[PDB]
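J.: This one is start38.tsv, TSV, C-alpha atoms.
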```tsv
chain	number	residue	atom	x	y	z
L	1	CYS	CA	134.80	168.85	75.79
L	2	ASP	CA	137.25	171.03	73.87
L	3	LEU	CA	136.91	174.61	75.10
L	4	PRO	CA	136.75	177.41	72.47
L	5	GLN	CA	138.57	180.05	74.50
L	6	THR	CA	138.24	180.14	78.29
L	7	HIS	CA	134.91	180.73	80.03
L	8	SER	CA	132.74	183.62	78.86
L	9	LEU	CA	129.46	185.15	80.03
L	10	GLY	CA	127.34	185.28	76.90
L	11	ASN	CA	127.60	183.33	73.65
L	12	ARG	CA	127.38	186.22	71.20
L	13	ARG	CA	125.73	183.74	68.84
L	14	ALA	CA	122.10	184.18	67.77
L	15	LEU	CA	121.69	186.74	70.57
L	16	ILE	CA	121.73	189.61	68.07
L	17	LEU	CA	118.95	188.27	65.85
L	18	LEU	CA	116.92	187.55	68.99
L	19	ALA	CA	117.19	191.21	70.00
L	20	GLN	CA	115.56	192.19	66.71
L	21	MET	CA	112.35	190.67	68.09
L	22	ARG	CA	112.40	192.99	71.11
L	23	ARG	CA	111.27	196.13	69.26
L	24	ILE	CA	107.70	194.81	69.51
L	25	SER	CA	105.13	196.88	71.41
L	26	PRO	CA	104.22	195.86	75.01
L	27	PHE	CA	100.59	196.61	74.11
L	28	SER	CA	100.59	193.60	71.78
L	29	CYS	CA	99.77	191.16	74.59
L	30	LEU	CA	99.80	190.80	78.38
L	31	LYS	CA	98.29	187.52	79.61
L	32	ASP	CA	99.95	185.79	76.64
L	33	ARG	CA	103.37	185.99	78.31
L	34	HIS	CA	104.50	182.46	79.19
L	35	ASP	CA	107.66	180.36	78.95
L	36	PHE	CA	107.15	177.17	76.93
L	37	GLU	CA	110.37	177.52	74.91
L	38	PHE	CA	113.18	176.77	77.36
L	39	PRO	CA	112.29	173.94	79.76
L	40	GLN	CA	113.57	175.37	83.02
L	41	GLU	CA	113.04	171.99	84.67
L	42	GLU	CA	116.07	170.79	82.74
L	43	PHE	CA	117.70	174.25	82.73
L	44	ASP	CA	117.33	174.61	86.50
L	45	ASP	CA	120.17	174.20	89.01
L	46	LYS	CA	118.32	171.23	90.55
L	47	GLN	CA	120.58	168.99	88.47
L	48	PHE	CA	122.37	170.87	85.69
L	49	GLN	CA	126.01	170.70	84.61
L	50	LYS	CA	128.31	171.36	81.64
L	51	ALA	CA	128.05	167.97	79.94
L	52	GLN	CA	124.40	167.60	80.96
L	53	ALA	CA	123.67	170.97	79.36
L	54	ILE	CA	124.95	169.63	76.05
L	55	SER	CA	122.16	167.06	76.24
L	56	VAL	CA	119.30	169.52	76.73
L	57	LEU	CA	120.88	172.40	74.80
L	58	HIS	CA	121.35	170.17	71.75
L	59	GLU	CA	117.68	169.18	71.69
L	60	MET	CA	116.61	172.74	72.47
L	61	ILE	CA	118.56	174.22	69.56
L	62	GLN	CA	117.83	171.36	67.16
L	63	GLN	CA	114.12	171.93	67.80
L	64	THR	CA	114.34	175.67	67.16
L	65	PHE	CA	116.00	174.98	63.81
L	66	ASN	CA	113.00	172.87	62.81
L	67	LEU	CA	110.55	175.55	63.98
L	68	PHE	CA	111.55	178.16	61.40
L	69	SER	CA	113.05	175.75	58.85
L	70	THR	CA	109.60	174.14	58.63
L	71	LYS	CA	108.44	177.25	56.71
L	72	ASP	CA	105.65	177.84	59.24
L	73	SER	CA	107.53	180.06	61.69
L	74	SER	CA	109.98	181.02	58.93
L	75	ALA	CA	107.26	183.07	57.23
L	76	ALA	CA	106.84	184.86	60.57
L	77	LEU	CA	110.35	186.32	60.52
L	78	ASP	CA	112.04	188.25	57.71
L	79	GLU	CA	113.82	186.01	55.20
L	80	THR	CA	117.00	187.90	56.08
L	81	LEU	CA	116.71	187.52	59.85
L	82	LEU	CA	115.18	184.06	59.46
L	83	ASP	CA	117.81	182.80	57.02
L	84	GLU	CA	120.46	183.89	59.51
L	85	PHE	CA	118.73	181.85	62.20
L	86	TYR	CA	119.40	178.65	60.25
L	87	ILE	CA	123.16	179.24	60.17
L	88	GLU	CA	123.15	180.60	63.73
L	89	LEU	CA	121.86	177.34	65.21
L	90	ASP	CA	124.29	175.36	63.05
L	91	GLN	CA	127.24	176.92	64.87
L	92	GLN	CA	125.75	176.05	68.26
L	93	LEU	CA	124.61	172.63	67.05
L	94	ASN	CA	128.15	171.67	66.04
L	95	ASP	CA	129.38	172.53	69.54
L	96	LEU	CA	126.98	170.03	71.10
L	97	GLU	CA	127.12	167.47	68.29
L	98	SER	CA	130.89	167.34	68.73
L	99	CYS	CA	130.49	166.31	72.37
L	100	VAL	CA	128.24	163.44	71.30
L	101	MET	CA	131.07	161.89	69.29
L	102	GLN	CA	133.52	162.55	72.12
L	103	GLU	CA	131.70	159.77	73.98
L	104	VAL	CA	131.57	161.82	77.18
L	105	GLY	CA	128.78	159.62	78.49
L	106	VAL	CA	126.12	162.21	79.30
L	107	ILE	CA	124.93	162.00	75.69
L	108	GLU	CA	124.69	158.20	75.69
L	109	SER	CA	122.34	157.26	78.54
L	110	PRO	CA	119.29	155.67	76.83
L	111	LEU	CA	117.21	156.32	79.94
L	112	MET	CA	118.58	159.77	80.80
L	113	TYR	CA	117.89	160.79	77.20
L	114	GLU	CA	114.13	160.76	77.75
L	115	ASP	CA	114.39	163.12	80.72
L	116	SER	CA	116.50	165.58	78.73
L	117	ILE	CA	114.76	165.13	75.38
L	118	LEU	CA	111.22	164.96	76.77
L	119	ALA	CA	111.83	168.14	78.76
L	120	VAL	CA	112.34	169.99	75.47
L	121	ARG	CA	109.67	168.19	73.45
L	122	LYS	CA	107.04	168.70	76.16
L	123	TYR	CA	107.66	172.44	76.40
L	124	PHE	CA	108.40	172.85	72.70
L	125	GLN	CA	105.07	171.15	71.98
L	126	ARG	CA	103.20	173.82	73.94
L	127	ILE	CA	104.55	176.54	71.64
L	128	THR	CA	103.13	174.80	68.56
L	129	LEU	CA	99.67	174.44	70.11
L	130	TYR	CA	99.92	177.83	71.81
L	131	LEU	CA	100.62	179.74	68.60
L	132	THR	CA	97.96	177.71	66.78
L	133	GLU	CA	95.33	179.42	68.93
L	134	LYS	CA	96.65	182.82	67.83
L	135	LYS	CA	97.43	181.69	64.27
L	136	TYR	CA	100.80	183.41	64.68
L	137	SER	CA	99.55	186.97	65.18
L	138	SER	CA	102.65	188.83	66.36
L	139	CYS	CA	102.93	188.77	70.15
L	140	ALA	CA	102.52	184.99	70.34
L	141	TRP	CA	105.78	184.59	68.42
L	142	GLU	CA	107.46	187.32	70.46
L	143	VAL	CA	106.65	185.75	73.83
L	144	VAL	CA	108.01	182.43	72.59
L	145	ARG	CA	110.85	184.07	70.67
L	146	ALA	CA	111.95	186.19	73.63
L	147	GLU	CA	111.75	183.04	75.75
L	148	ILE	CA	114.52	181.52	73.63
L	149	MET	CA	116.81	184.18	75.07
L	150	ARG	CA	116.42	182.64	78.52
L	151	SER	CA	117.27	179.18	77.17
L	152	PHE	CA	120.47	180.67	75.78
L	153	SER	CA	121.15	182.56	79.01
L	154	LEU	CA	121.11	179.69	81.51
L	155	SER	CA	122.35	177.18	78.94
L	156	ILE	CA	125.70	178.97	78.63
L	157	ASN	CA	126.07	180.06	82.26
L	158	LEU	CA	124.05	177.76	84.51
L	159	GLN	CA	126.66	175.04	83.94
L	160	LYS	CA	128.99	177.05	86.17
L	161	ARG	CA	126.43	176.65	88.96
L	162	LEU	CA	127.39	180.11	90.21
L	163	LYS	CA	124.44	182.29	91.22
L	164	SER	CA	121.05	181.95	89.55
L	165	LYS	CA	117.97	184.12	89.66
L	166	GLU	CA	115.48	182.44	92.00
```
For this file, produce the structure as structure tokens.

T.:
Amino acid sequence: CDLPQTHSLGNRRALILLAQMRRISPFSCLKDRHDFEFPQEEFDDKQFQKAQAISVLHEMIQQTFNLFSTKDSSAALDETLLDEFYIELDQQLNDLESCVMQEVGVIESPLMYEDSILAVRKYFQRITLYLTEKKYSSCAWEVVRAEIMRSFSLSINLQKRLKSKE
């Protein structure tokens, strides 16, 4: 797809707001630290590429937008930080959505779609049920929120297929 400006490490988009959820106290939770946000199965180097990333990334971001925008999780974050989240995803969504129209091919496979889409829905579904048990206390959202950072990390870097992290 059309490159924005050479290859960069981070995205500098939505990473700032995510950091705001790092001030939490480590004493909030311990055994409640899991990763159900970013499906690593799809984000792993087992079979991940630039175009392919657009497939998973799109669903990953689109889902996050619905999480807060649904009012449920929105009430969890400050209206200021939350409201910014809506626009933040929009910028990233356009990047992927644009590739869809480009007719690259990776975002057309009716069968491959399930593997990419399901990977996000399956993991994203855990977060909904996971938080339900805690009724959105504070750490439950942090563990899931902080997890989003990883999805953004490998998403815009793994494509290069250069060095991972075990």

J.: Determine, counting all atoms listed in the file, every residue of protein, DNA or RNA that lies within 6 Å of (127.3, 175.1, 78.2) in the file coordinates, then give the result as a ChimeraX atom specification.

T.: /L:50,53,155-156,159

J.: Identify which of the residues L:124, L:45, L:2, L:16 lies closest to residue L:164, counting only C-alpha atoms when measuring atom-to-atom distances.

T.: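 Checking each candidate against residue L:164, we get L:45 as the closest.
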
J.: Using all atoms listed in the file, find each residue of stretch 24-60 of chain L with at least one atom at most 12 Å away from an atom of stretch 126-129 of chain L; report its shortest atom-to-atom pair and that distance in Å (one decimal), sort the rows by chain and rising residue number, and return the result as a tab-separated table.

T.:
```
residue	atom	partner	partner_atom	distance
L:32	CA	L:127	CA	11.5
L:33	CA	L:127	CA	11.6
L:34	CA	L:127	CA	9.6
L:35	CA	L:127	CA	8.8
L:36	CA	L:127	CA	5.9
L:37	CA	L:127	CA	6.7
L:38	CA	L:127	CA	10.4
L:39	CA	L:126	CA	10.8
```

J.: Take the selection from the previous step and output its residues with C-alpha atoms, as an mmCIF file, in the coordinates of the input.

T.:
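Generated file (part18.cif):
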```cif
data_model
loop_
_atom_site.group_PDB
_atom_site.id
_atom_site.type_symbol
_atom_site.label_atom_id
_atom_site.label_comp_id
_atom_site.auth_asym_id
_atom_site.auth_seq_id
_atom_site.Cartn_x
_atom_site.Cartn_y
_atom_site.Cartn_z
ATOM 1 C CA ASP L 32 99.950 185.790 76.640
ATOM 2 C CA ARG L 33 103.370 185.990 78.310
ATOM 3 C CA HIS L 34 104.500 182.460 79.190
ATOM 4 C CA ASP L 35 107.660 180.360 78.950
ATOM 5 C CA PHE L 36 107.150 177.170 76.930
ATOM 6 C CA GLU L 37 110.370 177.520 74.910
ATOM 7 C CA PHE L 38 113.180 176.770 77.360
ATOM 8 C CA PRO L 39 112.290 173.940 79.760
#
```

J.: Give me, please, the distance in Å between atom CA of residue L:47 and atom CA of residue L:116, quoted to one decimal.

T.: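 We find that atom CA of residue L:47 and atom CA of residue L:116 lie 11.1 Å from each other.
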
J.: Which distance in Å separates atom CA of residue L:11 and atom CA of residue L:144, to one decimal?

T.: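 Going from atom CA of residue L:11 over to atom CA of residue L:144, I get 19.6 Å.
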
J.: Near residue L:51, within 12 Å and counting all atoms listed in the file, which residues show up once chain neighbours fewer than 3 positions away are dropped, as a PDB file with C-alpha atoms, in the coordinates of the input?

T.:
```
ATOM      1  CA  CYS L   1     134.800 168.850  75.790  1.00  0.00           C
ATOM      2  CA  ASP L   2     137.250 171.030  73.870  1.00  0.00           C
ATOM      3  CA  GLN L  47     120.580 168.990  88.470  1.00  0.00           C
ATOM      4  CA  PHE L  48     122.370 170.870  85.690  1.00  0.00           C
ATOM      5  CA  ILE L  54     124.950 169.630  76.050  1.00  0.00           C
ATOM      6  CA  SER L  55     122.160 167.060  76.240  1.00  0.00           C
ATOM      7  CA  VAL L  56     119.300 169.520  76.730  1.00  0.00           C
ATOM      8  CA  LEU L  57     120.880 172.400  74.800  1.00  0.00           C
ATOM      9  CA  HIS L  58     121.350 170.170  71.750  1.00  0.00           C
ATOM     10  CA  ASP L  95     129.380 172.530  69.540  1.00  0.00           C
ATOM     11  CA  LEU L  96     126.980 170.030  71.100  1.00  0.00           C
ATOM     12  CA  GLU L  97     127.120 167.470  68.290  1.00  0.00           C
ATOM     13  CA  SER L  98     130.890 167.340  68.730  1.00  0.00           C
ATOM     14  CA  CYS L  99     130.490 166.310  72.370  1.00  0.00           C
ATOM     15  CA  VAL L 100     128.240 163.440  71.300  1.00  0.00           C
ATOM     16  CA  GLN L 102     133.520 162.550  72.120  1.00  0.00           C
ATOM     17  CA  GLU L 103     131.700 159.770  73.980  1.00  0.00           C
ATOM     18  CA  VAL L 104     131.570 161.820  77.180  1.00  0.00           C
ATOM     19  CA  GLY L 105     128.780 159.620  78.490  1.00  0.00           C
ATOM     20  CA  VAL L 106     126.120 162.210  79.300  1.00  0.00           C
ATOM     21  CA  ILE L 107     124.930 162.000  75.690  1.00  0.00           C
ATOM     22  CA  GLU L 108     124.690 158.200  75.690  1.00  0.00           C
ATOM     23  CA  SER L 116     116.500 165.580  78.730  1.00  0.00           C
ATOM     24  CA  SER L 155     122.350 177.180  78.940  1.00  0.00           C
ATOM     25  CA  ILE L 156     125.700 178.970  78.630  1.00  0.00           C
ATOM     26  CA  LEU L 158     124.050 177.760  84.510  1.00  0.00           C
ATOM     27  CA  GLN L 159     126.660 175.040  83.940  1.00  0.00           C
ATOM     28  CA  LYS L 160     128.990 177.050  86.170  1.00  0.00           C
TER      29      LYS L 160
END
```

J.: With 3 Å on each side, where is the centre of the axis-aligned box around all listed atoms of stretch 136-149 of chain L, and how long are its edges in Å to one decimal, as JSON?

T.:
```
{"center_x": 108.2, "center_y": 185.2, "center_z": 70.2, "size_x": 23.3, "size_y": 13.3, "size_z": 17.1}
```

J.: Which distance in Å separates atom CA of residue L:73 and atom CA of residue L:149, to one decimal?

T.: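 A separation of 16.8 Å between them.
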
J.: Within 8 Å of residue L:14, counting only C-alpha atoms, which residues qualify if same-chain residues fewer than 2 places away don't, as an NGL selection string?

T.: :L and (12 or 16-18 or 85 or 88-89)

J.: Please, could you write that set of residues out with C-alpha atoms as an mmCIF file, in the coordinates of the input?

T.:
```
data_model
loop_
_atom_site.group_PDB
_atom_site.id
_atom_site.type_symbol
_atom_site.label_atom_id
_atom_site.label_comp_id
_atom_site.auth_asym_id
_atom_site.auth_seq_id
_atom_site.Cartn_x
_atom_site.Cartn_y
_atom_site.Cartn_z
ATOM 1 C CA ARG L 12 127.380 186.220 71.200
ATOM 2 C CA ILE L 16 121.730 189.610 68.070
ATOM 3 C CA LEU L 17 118.950 188.270 65.850
ATOM 4 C CA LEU L 18 116.920 187.550 68.990
ATOM 5 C CA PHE L 85 118.730 181.850 62.200
ATOM 6 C CA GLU L 88 123.150 180.600 63.730
ATOM 7 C CA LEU L 89 121.860 177.340 65.210
#
```

J.: Choose the residue, out of L:162, L:21, L:44, L:63, that has the smallest atom-to-atom separation from residue L:9; count all atoms listed in the file.

T.: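 The answer is L:162, which sits nearest to residue L:9.
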
J.: Residues around (111.2, 181.8, 60.3), cut-off 12 Å, counting only C-alpha atoms - what are they as a ChimeraX atom specification?

T.: /L:17-18,21,64-86,136,141,145

J.: Taking into account all atoms listed in the file, which residue in the set L:142, L:46, L:13, L:123 is nearest to residue L:91?

T.: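 Closest to residue L:91, using all atoms listed in the file: L:13.
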
J.: Could you check which of L:150, L:5, L:52, L:138 is closest to residue L:113, using all atoms listed in the file?

T.: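 Residue with the minimum atom-to-atom distance to residue L:113: L:52.
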
J.: Could you check the closest approach to residue L:62 for each of L:101, L:143, L:117, L:166 and tell me which residue wins, using only C-alpha atoms?

T.: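 Among L:101, L:143, L:117, L:166, it is L:117 that comes nearest to residue L:62.
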